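Below is one structure, written out as structure tokens; the observations come after it.
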Amino acid sequence: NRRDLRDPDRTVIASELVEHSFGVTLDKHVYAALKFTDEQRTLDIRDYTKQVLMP
Amino acid sequence: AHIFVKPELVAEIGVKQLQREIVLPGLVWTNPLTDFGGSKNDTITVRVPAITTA
């Protein structure tokens, strides 16, 4: 603050120290899910690593 | 007057038929597939793999 020098009133405006904050939340669940019948897994899958896991 | 028996001379002096220079074969994907005999209709089917979404 500023006040006039040699001012008849001698009051001072006390300043405030306010700490702020914000929250960071873990709030999402990203997933990839696959369903294979016994026929699909037995007959239609050949590698399962370059055909299921890599995709 | 005088008669002279002369041949007909044929010469080659490097004059050829101007003809294109070939560049296309070297730039195109040639023979990723070979076993066209042994596939119906001389057709080999290429499989493009799958992609999922999460």
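Labels used: A, B, ... for chains in the order of the structure tokens, numbers from 1 for residues in each chain, and numbers from 1 for ligands as shown.
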
query = What are the residues of chain A that have an atom within 6 Å of an atom of chain B, counting only C-alpha atoms, as a PyMOL selection string?
reply = chain A and resi 31-32+55

query = atom CA of residue 49 of chain A and atom CA of residue 36 of chain A are how many Å apart?
reply =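 So the two atoms, atom CA of residue 49 of chain A and atom CA of residue 36 of chain A, lie 13.9 Å apart.
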
message = When DSSP is applied to the backbone of this structure, which of chain A are assigned helix (DSSP H, G or I)? Write them out as a PyMOL selection string.
response = chain A and resi 38-44+49-53

Could you please take those selected residues and save N, CA, C and O atoms as a compact mmCIF listing (two decimals), in the first residue's frame?
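After the write, out27.txt holds the following:
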# COMPACT_ATOMS: atom_id res chain seq x y z
N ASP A 38 -14.99 -70.43 -27.73
CA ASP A 38 -14.07 -71.55 -27.88
C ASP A 38 -13.85 -71.89 -29.35
O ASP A 38 -12.75 -72.31 -29.74
N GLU A 39 -14.88 -71.72 -30.17
CA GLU A 39 -14.71 -71.90 -31.61
C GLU A 39 -13.82 -70.83 -32.21
O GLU A 39 -12.94 -71.13 -33.02
N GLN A 40 -14.03 -69.56 -31.84
CA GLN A 40 -13.21 -68.48 -32.38
C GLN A 40 -11.76 -68.64 -31.98
O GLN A 40 -10.85 -68.45 -32.79
N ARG A 41 -11.51 -69.00 -30.72
CA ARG A 41 -10.14 -69.18 -30.25
C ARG A 41 -9.50 -70.41 -30.87
O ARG A 41 -8.32 -70.39 -31.22
N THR A 42 -10.25 -71.50 -31.01
CA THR A 42 -9.67 -72.73 -31.54
C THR A 42 -9.41 -72.64 -33.03
O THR A 42 -8.33 -73.03 -33.50
N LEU A 43 -10.37 -72.12 -33.79
CA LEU A 43 -10.33 -72.20 -35.24
C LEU A 43 -9.94 -70.89 -35.91
O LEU A 43 -9.26 -70.91 -36.94
N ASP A 44 -10.33 -69.75 -35.36
CA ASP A 44 -10.13 -68.48 -36.04
C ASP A 44 -8.86 -67.75 -35.60
O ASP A 44 -8.36 -66.91 -36.35
N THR A 49 -0.88 -63.39 -30.50
CA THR A 49 -0.02 -62.30 -30.08
C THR A 49 -0.04 -61.15 -31.08
O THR A 49 -0.22 -60.00 -30.69
N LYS A 50 0.14 -61.45 -32.36
CA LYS A 50 -0.02 -60.42 -33.38
C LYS A 50 -1.45 -60.32 -33.87
O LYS A 50 -1.72 -59.51 -34.76
N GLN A 51 -2.35 -61.12 -33.33
CA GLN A 51 -3.75 -61.11 -33.73
C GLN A 51 -4.69 -60.65 -32.63
O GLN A 51 -5.82 -60.27 -32.95
N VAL A 52 -4.27 -60.67 -31.38
CA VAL A 52 -5.11 -60.25 -30.27
C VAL A 52 -4.38 -59.23 -29.40
O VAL A 52 -4.89 -58.14 -29.14
N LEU A 53 -3.17 -59.58 -28.96
CA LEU A 53 -2.49 -58.76 -27.96
C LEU A 53 -1.98 -57.45 -28.55
O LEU A 53 -2.14 -56.39 -27.93

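Computed from the coordinates, the atom CA of residue 33 of chain B to atom CA of residue 45 of chain B distance equals 9.6 Å.
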
Å distance separating atom CA of residue 31 of chain B from atom CA of residue 47 of chain B, one decimal place =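 About the pair atom CA of residue 31 of chain B and atom CA of residue 47 of chain B: they are 16.0 Å apart.
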
Residues near segment 13-26 of chain A, cut-off 12 Å, only C-alpha atoms, skip fewer than 5 positions along chain, as a compact mmCIF listing (two decimals) with N, CA and C atoms, in the first residue's frame:
# COMPACT_ATOMS: atom_id res chain seq x y z
N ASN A 1 0.83 -1.19 0.00
CA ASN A 1 0.00 0.00 0.00
C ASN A 1 0.87 1.24 0.00
N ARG A 2 0.27 2.36 -0.38
CA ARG A 2 0.91 3.67 -0.30
C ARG A 2 0.06 4.59 0.55
N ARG A 3 0.72 5.44 1.32
CA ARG A 3 0.06 6.50 2.07
C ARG A 3 0.87 7.77 1.91
